[PDB]
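In structure tokens, one chain follows: the form deposited in one PDB entry.
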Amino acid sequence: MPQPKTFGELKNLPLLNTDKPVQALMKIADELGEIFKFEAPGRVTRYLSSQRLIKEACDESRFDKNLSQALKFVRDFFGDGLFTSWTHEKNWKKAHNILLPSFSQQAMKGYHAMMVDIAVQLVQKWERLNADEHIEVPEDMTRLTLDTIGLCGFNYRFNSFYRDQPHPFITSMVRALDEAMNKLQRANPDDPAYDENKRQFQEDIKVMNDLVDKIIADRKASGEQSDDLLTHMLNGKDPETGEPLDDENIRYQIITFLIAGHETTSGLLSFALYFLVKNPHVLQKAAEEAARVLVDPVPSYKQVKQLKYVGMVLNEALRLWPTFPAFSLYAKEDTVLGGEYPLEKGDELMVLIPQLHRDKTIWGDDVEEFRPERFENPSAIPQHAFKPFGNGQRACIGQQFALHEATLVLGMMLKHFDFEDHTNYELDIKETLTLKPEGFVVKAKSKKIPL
């Protein structure tokens, strides 16, 4: 099996001592091909990049979700929430069954009004800019997506658009995820030099956990008859065990949904707008759909479902830059991958989603081009070729929520504004386990359509 350059007794570990590890891993994959071994002290994994091999890795009878080294570190705050629990933990399947009804079609129609509430605040912010003022795109998209999960999921208002600086929850969430990414490259984690990093880390987690207490305390005290994600967490019973979630698991789910429910979606909207302003003919086509379909001051749920081309733009943005770029798997038993790489039970794999999404045998030769038309008929895509939301029973539970929000917001953006890439921005991808085009700015000129 191919393997990139090694560093003596540190093996390949120094290759991930960079600000852009995923981007470093993609270039290794370009150099070495569909599979490559990556060793660290006392650790080994195999990075897969081709649909040929990933279609076997997505075989659930042979491989199950692994918690990567990164996810093990985040589990200190995510606990046994849906995202950081093993498939075999009781709390995974319980919460899985209890919370899927929160993403039913009827649940989605119920979220739509509060999504519009936040989308209108975004549009109003941009409409209220003075001449020649610009937009900080990932910053405002994070304002929107954080507020949307807070309100739709928990009837809690982060009021991000009333702030020039990030919400304290996000300040502690980013620093706590920074501490988790730095534990990967640190030899002796229980050494006195990191005594204060750990002090910071645990105070950043109590910031996040104090908000959680408030969301819970205000639901119990509230009179309003709510039917949202928190309703199901507090009241839903698992049809299989007959049990509801317990108090400590509930806290983990709230923290999980608040973080997983906004970061990757903000990344998606950021990349989508980036590709639109870089591809003016695509932007014009998407804008024409938005104008044709969104005939009312606020979009209906049905109208969002009719934004076919906008949906295609979002999928094409997810192909080039899947915002959660790598997922980890482990072999359920001894097995042979691709008829030439034998694996033993427990052997770990990493699916490099951006490399899978550039497989020339599936997508053709123009893999770097932004062409939404490749999603004209989504059924034409072979199995396991397009995986921005993961695999099987461990796939993203919030997929339809993220895509409905992103389609709604992007449709309104295209309806209400013309956009200008006034700095001719140079794509610079920031990695914090998720991806975002750092420093992306635009100018918007309103088409002066009332809300």
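One rule holds for the numbers: they count along the sequence shown, beginning at 1.
This protein has a second form, the form deposited with a partner chain bound, left out of what is shown; the following refers to that one.
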Location of its partner chain contact in the bound PDB entry, chosen stretch of 349-357, 270-278, 232-240, 255-263 [non-hydrogen atom, 4.5 Å]: 232-240
My question is simply whether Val336 lines the interface with its partner chain in the bound PDB entry - judged by any non-hydrogen atom within 4.5 Å. no
Counting only non-hydrogen atoms and a 4.5 angstroms cut-off, does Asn97 reach its partner chain in the bound PDB entry? yes
Would you please decide whether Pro378 lies within 4.5 angstroms of its partner chain in the bound PDB entry, comparing each non-hydrogen atom pair? yes
Would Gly392 show up as a contact with its partner chain in the bound PDB entry if we use heavy atoms at 4.5 Å? yes
